[PDB]
């Protein structure tokens, strides 16, 4: 009966996704499922690897531009699509508080655990603001986001790059319909650059990205009673020149037979068979403008870091 419980209210979606992904001829698993407690902690670690420049690069821009962004938006409500990295969130909240504008915070995530942490953290640090955690998939459940106040919706970390172009276009269009006049969108997009720098960012020496990738198998093992042997799958990251995107795979070292008991499903991996677990699309600055335009959104500002590694867009 409680609004807070409705908003914070997945298991069905994982079942559907795992069945479809593992029974396809080209096997795949969606990257939205990487970020359980263990995966989120590993992502955290990823944000501090020397190879993985995106987080600190976008953080650098936000540290410099948050006050400008807040000034331009005039928003009183921060909506974050995909939570879990509060260092960036705090920068925008601080600026909104500085401006005497901050009334409300709405974190949005597919993982209920991540929402609780962010809600608790921001709740303790920002007195006198309304907090509504919204649990959902940003490809399906944007409607669950309350339509209140003037909302600055932020979608950082190049998470938009984890959508392929058709789903990405549908996401932007649905996002645009959810925004009301006066609302603003802040979008982070990692940029095309040296291909070796790109591959290494998803294939670090410390082996952390590999553990992060293999952890999706642990999620499925736990949630659906499967028996993936994690060490039997090799992490592989590749650049796709045609699509200008990183592609992340798990490759079976030897033939594998996997029983997914909760789905009453048995699946086979040939030796050398690869399963797609993520893409990370890299953008050209002029194209972000075009993709936003297609969705009916008008980019009003573009910022980049001092090295030009990463892009941040403000639109209405």
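Residue numbers count along the first chain shown, from 1.
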How much of the deposited sequence is absent from the coordinates between residue 9 and residue 10: none, 1 to 3, 4 to 9, or 10 or more residues? 1 to 3
Using the B-factors recorded in the PDB entry, average over the C-alpha atoms of 175-183 and of 189-197, then report which stretch comes out higher. 175-183
Taking the deposited Cα B-factors and averaging over 123-131 and over 137-145, the higher mean is found in 123-131
Highest Cα B-factor in the deposition, which of 117, 221, 164, 159? 117
Choose from 42, 70, 275, 289 the residue with the greatest Cα B-factor as stated in the PDB record. 289
Entry-reported C-alpha B-factor of residue 231 relative to its chain, by third, is highest
Which third, lowest, middle or highest, does the CA B-factor of residue 59 fall in along this chain? lowest
Chain-wide C-alpha B factor ranking for residue 251, given as lowest, middle or highest third: middle
Among the modelled residues of its chain, does the C-alpha B-factor of residue 83 lie in the lowest, middle or highest third? highest
By the record's CA B-factor, is residue 279 among the lowest, middle or highest third of residues in the chain? middle
